[PDB]
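Take a look at the letters that make up each chain.
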Protein chains: 2
Amino acid sequence: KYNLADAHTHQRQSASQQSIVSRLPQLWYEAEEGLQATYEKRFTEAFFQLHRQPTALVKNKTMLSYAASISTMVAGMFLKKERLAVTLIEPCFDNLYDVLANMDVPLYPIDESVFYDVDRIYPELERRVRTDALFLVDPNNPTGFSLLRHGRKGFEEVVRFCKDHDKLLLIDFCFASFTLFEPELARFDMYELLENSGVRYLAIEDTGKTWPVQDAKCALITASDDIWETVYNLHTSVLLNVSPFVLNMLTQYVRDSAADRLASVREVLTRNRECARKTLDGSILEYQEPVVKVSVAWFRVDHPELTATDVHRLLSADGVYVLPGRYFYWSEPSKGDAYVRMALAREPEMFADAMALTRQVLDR
Amino acid sequence: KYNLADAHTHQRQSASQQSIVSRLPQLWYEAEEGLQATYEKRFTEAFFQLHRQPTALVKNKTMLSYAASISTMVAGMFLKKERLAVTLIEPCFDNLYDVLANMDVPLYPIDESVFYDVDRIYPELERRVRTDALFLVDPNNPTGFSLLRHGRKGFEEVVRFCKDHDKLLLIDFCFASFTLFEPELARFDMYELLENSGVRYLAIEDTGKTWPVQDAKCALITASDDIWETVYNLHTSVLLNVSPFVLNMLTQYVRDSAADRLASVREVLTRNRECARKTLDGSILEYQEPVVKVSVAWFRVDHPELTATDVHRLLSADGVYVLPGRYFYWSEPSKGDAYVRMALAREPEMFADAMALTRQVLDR
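Residues numbered from 1 in each chain as written, not as in the entry; some residues may be left out. Chains lettered and ligands numbered in written order. Heavy atoms only, no water. Residues with missing side-chain atoms left out of burial classes, pairs and counts.

In the PDB, the structure is listed with the title "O2-, PLP-Dependent L-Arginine Hydroxylase RohP Holoenzyme".

*Asks:* Could you give me a rundown of the sheet that holds strand β4 (residues 107–111) of chain B, with the residues and numbers involved?
*Replies:* Residue and element names in this part refer to chain B. Spatial ordering of the open sheet is given by β2-β8-β7-β6-β5-β3-β4, a layout of 7 strands whose pairing is mixed. Strands at the two margins of the open sheet, each flanked by one partner only, are β2 (63–65) and β4. Ignoring strand direction, the axes of neighbouring strands in this sheet form an average angle of 20 degrees. Where strand β6 (residues 168–172) meets strand β7 (residues 201–206), 4 bridges bridge the pair, whose relative direction is parallel. Bridge pairing in β7 places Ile 171 opposite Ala 203. (Pairing = 2+ DSSP bridges. Helix = DSSP H or I, 4+ residues; strand = E, 2+ residues; numbered from the N terminus. Axes fitted to C-alpha atoms, helices over the stretch in contact; angles between N-to-C directions.)

*Asks:* Give a detailed account of the relation of the copies chain A and chain B, specifying residues and quantitative values.
*Replies:* Of the transformation placing chain A onto chain B, the axial shift is 0.0 Å and the rotation is 180 degrees, giving an RMSD of 0.2 Å. Both copies are brought into coincidence by an operation consistent with a two-fold rotation axis. Ranked by how close their C-alpha atoms come to the rotation axis, the residues of chain A are headed by A:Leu24, at 3.1 Å. Mapped onto chain B, 100% of the interface residues of chain A are again interface residues, and the two copies thus contact each other with one and the same surface. (Least-squares fit on C-alpha atoms. Contact = heavy atoms within 4.5 Å.)

*Asks:* Which residues make up the packing of helix α3 (residues 36–50) of chain A against helix α11 (residues 244–259) of chain A, and what values go with them?
*Replies:* All names here are of chain A. Relative to each other, α3 and α11 sit at 25 degrees, their axes nearing to 9 Å. Considering the angle they form, α3 stands roughly parallel to α11. Relative to α11, the crossing made by α3 is left-handed. Together, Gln 36, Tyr 39, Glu 40, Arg 42, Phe 43, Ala 46, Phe 47 and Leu 50 of α3 and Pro 244, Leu 247, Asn 248, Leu 250, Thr 251, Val 254, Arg 255, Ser 257 and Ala 258 of α11 make up the contact between the two elements. Residues of the contact of α3 with α11, tallied by class, amount to 10 nonpolar, 4 polar and 3 charged. (Parallel < 35°, antiparallel > 145°, perpendicular 65-115°, else oblique. Left-handed = near helix turned anticlockwise from the far one by under 90°. Nonpolar A, V, L, I, M, F, W, Y, C, P; charged D, E, K, R; others polar.)

*Asks:* Help me get a handle on the environment of B:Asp119, residues and values and all.
*Replies:* All names here are of chain B. Looking at the secondary structure, you find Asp 119 in the loop between β4 and α7 (121–128). Taking the relative accessible area as the measure of exposure, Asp 119 reaches 54% and is therefore exposed. On a C-alpha basis, the gap between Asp 119 and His 150 in space is 10.0 Å, while along the polypeptide they are 31 residues apart. A polar side-chain atom of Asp 119 sits 3.2 Å from a polar atom in the side chain of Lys 153. (Buried < 20%, exposed > 50% of the residue type's maximum accessible area, 1.4 Å probe, protein only. Polar contact = N/O pair within 3.5 Å; in protein donor to acceptor, adjacent residues only side chain to side chain.)

*Asks:* A description of the pairing of strand β7 (residues 201–206) of chain A should follow, citing residues and the corresponding values.
*Replies:* Residues and elements named next belong to chain A. Judged by how many residues are buried, β7 sits mostly within the fold: 6 of 6 residues are covered. Burial along β7 is two-sided: the residues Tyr 201, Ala 203 and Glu 205 and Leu 202, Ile 204 and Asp 206 are all buried. A crossover links strand β6 (residues 168–172) with its parallel partner β7, the connecting element being helix α9 (residues 190–197), and its sense is right-handed. (Right-handed = clockwise from strand over helix to strand, strands pointing away.)

*Asks:* Describe the pairing of strand β10 (residues 296–301) of chain A, with residues and values.
*Replies:* Residue and element names in this part refer to chain A. The buried fraction of β10 amounts to 5 of the 6 residues, a majority that puts the element mostly inside the structure. Here strand β9 (residues 285–287) runs beside β10; their pairing, made up of 3 bridges, is antiparallel. Bridge pairing in β10 places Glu 286 opposite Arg 300. As defined by bridge partners, β10 adjoins strand β13 (residues 339–343) across 5 bridges and the pair is classed as antiparallel. The residue bridging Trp 298 from the neighbouring strand is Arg 341, located in β13.

*Asks:* Can you break down the interface of chain A and chain B residue by residue, with the values?
*Replies:* The partner chain B presents 49 residues to the 48 residues of chain A that form the contact. The set of elements that each furnish at least two residues to the side of chain A that touches chain B consists of α1 (15–22), α2 (24–33), α5 (68–81), α6 (94–102), α10 (228–238) and α11 of chain A. If one sorts the elements of the side of chain A that touches chain B by residue count, α2(A) sits on top with 7 residues.

*Asks:* Describe α1(A), and please don't skip the residues or the numbers.
*Replies:* Because each turn of an α-helix spans 3.6 residues, side chains separated by three or four positions end up pointing in the same direction. Among the residues of α1(A), A:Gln17, A:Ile20 and A:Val21 are the ones counted as buried. For α1(A), the arc enclosing every buried residue in end-on projection is 100 degrees, short of the 170-degree limit, so these residues lie on one face. On its buried face, α1(A) sits against α2, α11 and α12 (263–280) of chain A together with α2 (24–33) of chain B. (Arc of directions from axis to C-beta.)

*Asks:* Give a detailed account of the packing of aromatic side chains, specifying residues and quantitative values.
*Replies:* Enumeration over the complete set of coordinates arrives at 35 aromatic pairs over all chains. With centroids separated by 6.2 Å and ring planes inclined at 45 degrees, the aromatic side chains of A:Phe155 and A:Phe173 adopt a geometry described as tilted. In this pair, A:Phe155 sits in helix α8 (residues 153–164) while A:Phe173 sits in the loop between β6 and α9, placing the two residues 18 residues apart along the sequence. A:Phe173 matches A:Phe155 in its accessibility class, with the two residues each being buried. Taking 6.0 Å as the distance between ring centres and 75 degrees as the angle between the ring planes, the aromatic pair formed by B:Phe155 and B:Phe188 counts as edge-to-face. In this pair, B:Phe155 is assigned in helix α8 (residues 153–164) and B:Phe188 in the loop between β6 and α9 (190–197), connecting sequence segments 33 residues apart. There is no split in this pair, since B:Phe155 and B:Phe188 are both buried. (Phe/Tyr/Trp six-rings, centres within 6.5 Å; stacked < 30°, edge-to-face > 60°.)

*Asks:* Help me get a handle on the environment of A:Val254, residues and values and all.
*Replies:* All names here are of chain A. Here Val 254 shows up in helix α11. In this structure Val 254 comes out as buried when scored by relative accessible area, which is 1%. Residues within four places of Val 254 in sequence aside, it is in contact with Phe 43, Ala 46, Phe 47, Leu 50 and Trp 211.

Structural data, given as C-alpha cells:
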C-alpha cells in the first residue's frame, strides 16, 4: 500500500506546477513549430542558470539524453573503448554498479568514508585508487553525503589527485539540485574547476529526481575537451535528440523552481524527512543525518538480532515497502544488512500514514 | 531549408490527434494518480492489438524502454555477455551498426538480396551466416524490403535456418506498422512463429517512427523463454520504467490509429511518396519501389560520374538536405555512393516545395 522504495518522484504538482500542466497542449504545438536546437539551448541555459554552472554554458558542449542511466551507458562505452577499470563509490545505488558490470567494466569499491576528512582525501586516494578511472556520486545516494561539506576543498582535492595521476574522473550530480540555495552547501561552479584543472572528466546531471515530471525527463553529460569528440560520436549512436516537447516542458519546471528558489521541491521533502525522523526516533531504525537534504532517508538497524532483510520482510508483510541496504553495498552486500533506505519524494499524507504503520510494525 | 534527412516524424497532428493533444492535462493527472503497471499493460495491449500479435500478449514478457536504440543496447549487452558475432543485414541505417560497433560487437554483412527469392533463402543463409547471431531489420530501412512479400514463408525459412543451425535471431520491427491493414502484406503473428519454433530470439518494436509524437516515444523488446531472465536483468539495469504519462499519451495514438486503420499516417506518406516519384521520374535519382510503403524513399543515382555525395552537396547548397547512401552500407560505405534516401514523414506542403526545388537543382 505504501511504496517507499524507488526514489522516483511521486508527489503531486504545486499550484504553479498545475499551471504548467494546463499549458501542455501549447508546449506541444510550440515544439512542433520550433527548431530542435532552440529547445535544447533554452533547456540547457535554464538548467545551468538554476544550478549556477556558468562555465558549462560558455563551453556549450553538453549532450542531452533520455535519462541519467543512458548518459552512464555512454560513459560505459568510453570506459570499455579505452580499457579503463573503475573505482566506484560504495555505498551507492546498485543499478549504477549493475549497468557498468553488465557492460563488463571492471569495478572496485572505495568507501564513502575516504571523503569524510578533507585533509586525508588525497593520500587515501593515492593508496586506494588503483584503476585509471574514479566514479563518484555527489551528493551520494543513499547517504546524502557531499564533498560540499568541505566547501571547495573536497572537490579540489579529488580533482588534484585525478589530474596528478592521469585518472578519468566521472561524477554523477543527479542529487545536486538539493544543495541549491543552501547557505553553506550550495554547489559552486564545478565546470570552472574541471576545465581549469585540465582533468579528464565526464559529468552527468539530471532532472528526473528533482521535479515531479513522471519520468518524462532529460539527463545531461559533459566531457573534457580531450575526449569530447570520441564521447560525442558515442552519444550520437544512442540517440539523435530528446523530445523537444519534453525539453519545452522541463524548461518550464526549471524556470518555475528558479522563481520559488526550489521551495515546492524542498518543502515536500522536509515535511516527510521530519515526519520520518520524529516517528522513528528511538525505534530500531536509527536515522542517519545526511550532509545534504536529498530525496531519500538512510537508517541503520539497531537491534541485537534483526537485520535489514528482516525489517524489509516485516514491513513488507504489512504493506510498507522500503529498500534494504544490500541494494547499495554492491561489492559485499552483507555490509548492507545493517541499513534501510526510504524514499521521501511522496505525497505527505500517504507518507505520514506510512510512518504511523511503520512504527507500529517496528514496535511489535 | 528543407530537412528530408532524418526519418523522425515531423508531420502535423490530424484532426483527431489534436483532440489527444488537447487532453494532455487530463492524461497527465491520470498517470499521476494511477499505477505504473496499469499504463504499461494498457499500452502493451493497445500496441499488440493494433499490430495483431496476440501471442505476445499471452506470453506477457515484453519490456518497455525509451527508444528502439535503448532496446538495441540491451540486446548488445546480451551479445557481448555471450561473446557472439553478428551477421547484420546490409544496407541498413548505420546507427544500428554504430551502436553495436561502439559496444565492440563483431559485425559481418549479409546483403538484402539473399532474401529476394524465397526458395534460395535457406541455402544462402547456410553459406553466408557463419556467426552465432543474425540481425535483420524488417521492413528494412532504407529500402522498405520485407520478407512479407513471401507471405509467411520468407520469415518461416529464416526461422527454420536459425533453429536448425543454433543461431540467435534478432529482428528490428520498427517499420512493421507500415504493413498494417495492407491486403497482401499485413504482418502475421510473428511471436506465434518465434515461440512455436523454439528459436532463440530478440524482437524489437517501436512507436517513434509511426506517429507524430515528437520523439516522446516507447520501444518494446521480447526475448525467447530460454534467455528471458538474463535479458530481463540486463533491461532492469538500464531503467525501471517508461514515463506513465508518455505511455498514456502513446496509448491514445495507438487507439486513434486503430479507429482510422492508420489512414492519417498512410495518407501523408502516400502523398509525399507519389510526389517524389512523379517529380523525380526520369531524373538522375531513380526511384526504387519498395515492398512496403515505409516512411522513407530510396533512390539509385543514375549518372556516369556523380555520386550520392555529389548529389547531397549540390542539393544542400540550395537548402535541400537528403542522406547519401553511404550511411546505409555500413560495411563498405562506398557502395552507398550509388544511392540516396529521403524522409517522407513530413507536412505535404513543405515536402512538395522541397520536391520542386530538388528537381530544379538536379536539372542543372
